[PDB]
Structure formats: structure tokens, C-alpha cells
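Data block below; observations after.
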Amino acid sequence: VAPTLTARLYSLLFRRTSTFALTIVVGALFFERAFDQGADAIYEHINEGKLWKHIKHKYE
Amino acid sequence: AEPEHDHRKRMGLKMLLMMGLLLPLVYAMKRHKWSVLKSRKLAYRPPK
Amino acid sequence: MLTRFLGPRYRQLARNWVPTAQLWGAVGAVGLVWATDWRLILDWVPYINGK
Amino acid sequence: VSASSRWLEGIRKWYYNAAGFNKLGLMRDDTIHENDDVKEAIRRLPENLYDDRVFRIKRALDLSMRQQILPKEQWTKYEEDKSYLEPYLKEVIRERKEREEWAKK
Amino acid sequence: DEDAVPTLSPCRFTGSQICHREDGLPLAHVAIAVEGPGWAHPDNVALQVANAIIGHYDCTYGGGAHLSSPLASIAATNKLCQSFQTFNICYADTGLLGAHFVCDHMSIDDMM
């Protein structure tokens, strides 16, 4: 399962510079988002100095 | 004096996280190509 | 005078590069879409609905 | 001859080891900076020396690349250091100066 | 019959380079190849057909520029070599598949 992983990854997606590119662009899409979630979620957890301020001052 | 204060530090976090991934990655790319020169062996075979 | 490129071989050549030219369009599509955060297109994609 | 010569000789042997080209298997004359006089002398070397000289330099560049050095055993011992290039260079300089004297008249 | 009769163990193909530099010789020899399947593999026929398409060349060949093989023709036209030959050396389970060529010192790149 492990060797065949990197292998299959090469087989189906890496040879043809086509797919190789098709994947990195498609892989950049999902990544950009998942990185911005975790990253912001991290920025929040170490803080909580703004935003939950909203639940207080407004709500109308 | 610095309204941007917080925004940059968020990017800064991303900048460290990103570079903490790109840096080793580029290193290994550069390591892989220099492979050929790092392990090259020489031999000198003059006549006689 | 593009008749010089009209024949059996040229026709075989075109078929051979079809999957490649198709895939290269797939790259350009997603490429623009992702780079401009195409509101119109991206809404259909699961997990990329950041609204 | 006595303590005196040995002292200068040992001061020289000390710098040599400190200069440290011997660690790369090099020889004094291999490190000589190439100028016109030097290029000509390199040119005049006989086949064997010229070949050895290139391999030495290649061994070194190769080391200086991976920033390694030779095992201690294979460093080039002072004494054992052949000034192969010297006689050639001296003659090349000696030739030039003759043209230069001639150019003054 | 009986005891002491071994079989042949497969040979690992490595994929590497061996350059013996010698500027005293006047033409360079170069031989590149990928790993071939070996004797029994039916794949050999197709491999042999592609090779035939690339073919060979030698400076005494009549017909240079008009040769079918693009390699040969470009080779002949731009005088990129003195000779070349494709090959498919078969061994049990492995082989060498490639080409060999002979050329001037300033043509090795182009030929490659």
C-alpha cells in the first residue's frame, strides 16, 4: 500500500506534464483554502481579542 | 500609528508556516539535483 | 495555402496530441478560475464555498 | 645550517600546513595565480606534469565543492612538495624581461 | 545432473554515467541506453520497429538529406556525426536499449 502509493501517484498523475500540472493547479485550490482555515483558526486560538466582541455590542 | 498591526502578524504566521514548508522542500529539490555532483567519483588513469 | 498540412499523417498527428491539448485546457480553466476566485464557477465546488 | 636554518624552515613548514592547500592534495605551484607569464609556463609543461596538474586541481575543486578534505595520510607533505612549474616560469619571466630591456633602447 | 547447478540471478540495471575523458582522441564515442526487457519479452518486436525508424547512419551513406529517419537526415545535413546506430541488446530479463554515436567534440550536445 505504501510503495504503490507514491507509485500510483506517479502512474496516474505524474508522467504527463499535463496531469502533473493539472494536479498542482487543482492541488493548489484545495490547499489554499485548507491552509487559510487552519492558519486563521490558529491566529484566533492564540488570540480572541476581536470578533467575539461583536456578539456583545450589536445583534440587532 | 499602525492600524495594520494585526493583519501583518497574521500574514507573518502564514509566512513562517509557509516558509517552514517551502524551505526544506526547495532544499531537497536542490539536494536531489546536486546529487549527481555530490557522489561523483574520480579516477585518474595516465598511461604507463 | 494551408493544404500542405492536409493529409493522413497530419490527421494522425492531430489525434495523438488531442488528450494532451485537452488536458492543457483543463489546466488553463482551473488555473484562471482559482486565480480569480471565480465566484460563478467556484460555487459548485464542494469545500471551496468560503461564503 | 644550524638551529637558525631549521627555525626558518620550521616557520615555513608551519605556514605551509596553515595555508592548507595540501589538505586538498594540491601543491604550491597548483595554487599559483594564472597571469600571462603563468599561462605560458603552464603551456610549456611536458605532457605528464600537465596531466598530473589537471588531475590535482580537479581533485581539489571537487573537494572544495563538497567542502570536504583529504584523509590526513594523503595530504601533501611539505618537503615532498615539487615546484614543478617554477623553472618554466622563471624562464618565461627571464624571456620577457629581455624584450623589456630591448624595448628601452 | 544433481547438485551444484545454479540459476542466473537477475541483474540490477542502474542508470548512471561513466565518462572517460581523453582529449587526445579525435572523435568522441557516446553510448546511451535505458533498461530493456530481455530475450523472451514480446515487446521486443515493437522496440525493434521504433529502432528501425530511427535506424543508423554512417558518413559513407549515399543519400544524406533525403534519408527517411529524421535523426539520420538532420545528422547528415548538419554533419553532426560520423556514425550512429540504434541497438537492442538482449539478456535474460534485462537488456540495453539505446543508440551509440561517433562525432566531433563540438557536436556531442546537438547529437544528444
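Hydrogens, waters and symmetry mates are skipped; everything else that's a heavy atom, side chains included, is used. Every chain is numbered from 1, with letters handed out A, B, ... down the list of sequences.
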Look only at the side chain of A:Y43 and the backbone of B:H7, and say whether a donor-acceptor pair between them is shorter than 3.5 Å. no
For chain B, which residues of residues 12-36 of chain A have at least one non-hydrogen atom nearer than 4.5 Å to it? A:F31, A:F35, A:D36
Can you list the residues of residues 8-37 of chain B that sit under 4.5 Å from chain A, counting heavy atoms only? B:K9, B:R10, B:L13, B:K14, B:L17, B:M18
Hey, which residues of residues 39-48 of chain B are touching chain A, say heavy atoms under 4.5 Å apart? none
